Amino acid sequence: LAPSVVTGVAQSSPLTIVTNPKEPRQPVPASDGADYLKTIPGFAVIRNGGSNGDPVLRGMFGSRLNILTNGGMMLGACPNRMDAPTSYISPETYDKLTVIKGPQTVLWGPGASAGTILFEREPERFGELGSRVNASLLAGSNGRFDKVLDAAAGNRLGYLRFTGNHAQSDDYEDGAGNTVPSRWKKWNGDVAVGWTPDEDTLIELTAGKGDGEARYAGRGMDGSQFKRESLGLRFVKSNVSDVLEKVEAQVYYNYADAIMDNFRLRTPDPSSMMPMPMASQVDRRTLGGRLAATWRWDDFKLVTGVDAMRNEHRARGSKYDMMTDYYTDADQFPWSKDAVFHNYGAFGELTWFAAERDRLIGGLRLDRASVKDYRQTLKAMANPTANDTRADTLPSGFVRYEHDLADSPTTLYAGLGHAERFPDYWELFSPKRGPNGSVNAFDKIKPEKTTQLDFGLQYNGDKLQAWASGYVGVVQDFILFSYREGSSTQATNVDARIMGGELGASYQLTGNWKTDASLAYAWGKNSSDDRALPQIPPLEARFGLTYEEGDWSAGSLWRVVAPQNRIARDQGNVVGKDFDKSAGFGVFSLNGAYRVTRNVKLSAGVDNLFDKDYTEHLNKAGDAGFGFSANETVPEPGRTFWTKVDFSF
Ligand SMILES: [Ag+]
Ligand SMILES: [Ag+]
Ligand SMILES: [Ag+]
């Protein structure tokens, strides 16, 4: 009882955060997966415009994070990651978002250096014949309007479930009265049919579509289409044997189909190097499965399984004859395939419940990765590695020990983990140069190998609930983009050390008054060049205060961010580079929520009450074609008002 808005999420069990994405969140998320991570300490976000941020976890970017949707993986097709994996995820339409920090699981795919992230839906539990609806409407500054409907009907034997949404916002303004190019629009409709013959069985087919557009204050091109499309089939059988607790089988298909241009939103910058109307279409076809058995007997729990994943990428672009001024749009030429990846793996995880206060946990997986370059030419010139292939075999695993204190309600844990990761599409194809003496990046960029120590504690008290997690680790053959002036990238392997932590606490002062706080630090050194790693988000703290009283509640929130002076100029990732140290800043916010009926909640909020003008260290450099000076990064929104209503029947 007693509703409120989510300003931070605490680490509830060791290494693991779990939150329900359907709750409101204090700086309102732009209906995008990265934004539902801001409220989890350790996550920072590279802003591209109004939405579609690239999420960074403990300084770690890109495929270093496994983002899953119903156990399945979905990748975008932009060579500059305009349509990052989270670009396609509306959390509101899911039922559970869960994060495991570190390389401390092997059940959910390969090369999870930084952490894995699992957006899930749960299958309906229908006894009688019956229905449930639940839905939300939101309304904010700058045209921000969102609709979300999730409904289902069924009985003991089966169910049908529709979930969908539509969301949009106009260009927002920063704290200096500047309209930031940041229009965006999204929608999504997925259905799920489920068959449950007995309670020990469940089969479930699911399909869905989504589209979206989004203007990008970074970039220099905009996203006029981000088509997504998904199939899925999952099998779950409980209590086969007395030791065979459950079997899981799961297949997934995920197609992405993006269109970027410089004329469907914005006008071609006449002084740029794209003064001509231009577009480029791109798509990514991902197919994959997973099969896993959970054995429980005596004091142990073994979870063996295998998984596989294939994915394919193609592109095609417009042409402009500038003496007819004729424009042949990119849908007239044929798709050129340029890359196919494969991966198969096997994994197990064993947990020993020694005594009732000690847990030992171990896991390994073996992954066989491979990739073939299909580019017959380059940007035209010859591609010296056309139709070439490569592969590798990448063992990864971990151990974690967790002890429960005798008296206080405290858990301690320490864990050691190794994770190897094959280069992703962007590390291999998107850079214009490889390492020195290499022909291109594809030929020589080495798989990245991470070894890291995690530890921390949980205090699950009465009035005081605290947690902390730290990490120290090294990174062999870290993959690192280096920028030279058009402007050109080079990908290299370097060695790195990393160190950091997160901690937080929430104290229930009196029966009405609650306060909480959080701290997030990351740190990275490039050992190869003796210098700092780029794109590391500075130290930040969050303070919350909350009054609750029966049916209603009111909140305040302080975000305070230190400056980042550890930077590597003209180095970074496929998306962005460092150039200047960042300023610190404070942002303050208010919120309230009210339970009208058993079925209708209300909430509202002011974000950035004092209309602070600020930008974040990780945000992209703004485009010269809009009013952006050299290297000036895209600013965060100024003051924004939002109200939101939540139904459930
Ligand atoms: Ag693009
Ligand atoms: Ag051009
Ligand atoms: Ag362009």
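Letter by letter, the sequence shown follows residues 1 to 649 in our numbering. Note that beta-carbon positions come from the ideal geometry of N, C-alpha and C, so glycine has one too.
- If you look at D454, you'll find it in the beta strand (DSSP E) that goes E448 to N460.
- Look at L428 here: in three-state DSSP terms it is helix.
- Where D367 is concerned, the enclosing beta strand (DSSP E) starts and stops at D358 to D373.
- Per DSSP, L138 is one residue of the beta strand (DSSP E) stretching across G130 to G140.
- Using a 10 angstroms sphere on the CB of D338, the tally of other CB atoms reaches 16 or more, which defines it as buried.
- Annotated three-state conformation of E122 is coil, per DSSP.
- With a cutoff of 8 Å on beta-carbon distance, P181 and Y216 are scored as near each other.
- The beta carbon of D404 sits closer than 6 Å to the beta carbons of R357 and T411 from its chain, once the five residues preceding and following it are set aside; these are given in chain order.
- At a Cβ-Cβ threshold of 8 Å, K246 and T294 count as neighbours.
- For the pair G208 and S230, the CB atoms are nearer than the 8 Å cut-off.
- Counted as a single uninterrupted DSSP element, the beta strand (DSSP E) harbouring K601 occupies residues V600 to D607.
- In summary, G130 is exposed, with fewer than 16 beta-carbon neighbours lying within 10 Å of its beta-carbon over all protein chains present.
- Counting along the chain, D646 sits inside the beta strand (DSSP E) bounded by residues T640 to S648.
- Straight-line measurement puts the Cα of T640 at about 16 Å from the Cα of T615.
- A distance of 8 Å or more separates the beta carbons of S169 and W187.
- Counting every other CB atom within 10 Å of its CB across the protein chains shown gives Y425 a total of 16 or more, marking it as buried.
- Annotation: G555 to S4 spans about 8 Å, alpha carbon to alpha carbon.
- The Cβ atoms of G220 and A214 do not sit closer than 8 Å to each other.
- Between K444 and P435, the gap from beta carbon to beta carbon is short of 8 Å.
- Less than 8 Å divides the Cβ of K620 from the Cβ of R47.
- Where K38 is concerned, the enclosing alpha helix (DSSP H) starts and stops at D35 to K38.
- Distances from the alpha-carbon of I536 to those of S528, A522 and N526 put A522 closest.
- As the crow flies, the alpha-carbon of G576 is around 45 Å from that of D551.
- Here the distance from the Cβ of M274 to the nearest heavy atom of ligand 2 is below 7 Å.
- For a cut-off of 8 Å, the C-beta gap from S506 to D516 is around 4 Å, short enough to register as a contact.
- Cβ atoms of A520 and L539 come within 8 Å of each other, at about 7 Å.
- Boundaries for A207: no alpha helix (DSSP H) harbours it, while the beta strand (DSSP E) harbouring it runs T201 to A214, taken from the DSSP string.
- In the structure shown, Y614 adopts coil according to DSSP, grouped into three states.
- Excluding residues up to 5 positions away in sequence, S113 and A114 lie with their Cβ nearer than 7 Å to the Cβ of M60 in the same chain.
- Taking the Cβ of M221 as the reference point, at least one heavy atom of ligand 3 falls within a distance shorter than 7 Å.
- Three or more pairs of CB atoms, one per stretch, sit closer than 8 Å, so the segment 98-110 contacts the segment 6-18.
- At least 8 Å separates the beta-carbon of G109 from that of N52.
- In the DSSP assignment, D443 falls within the alpha helix (DSSP H) that extends over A441 to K444.
- Taking 7 Å as the cut-off, one finds no heavy atom of ligand 1 near enough to the beta carbon of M499.
- In this structure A414 does not touch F353 by the C-beta definition: roughly 18 Å separates them, more than the 8 Å allowed.
- The C-beta distance from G175 to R156 rounds to 55 Å, too long to fall under 8 Å, and the pair is not in contact.
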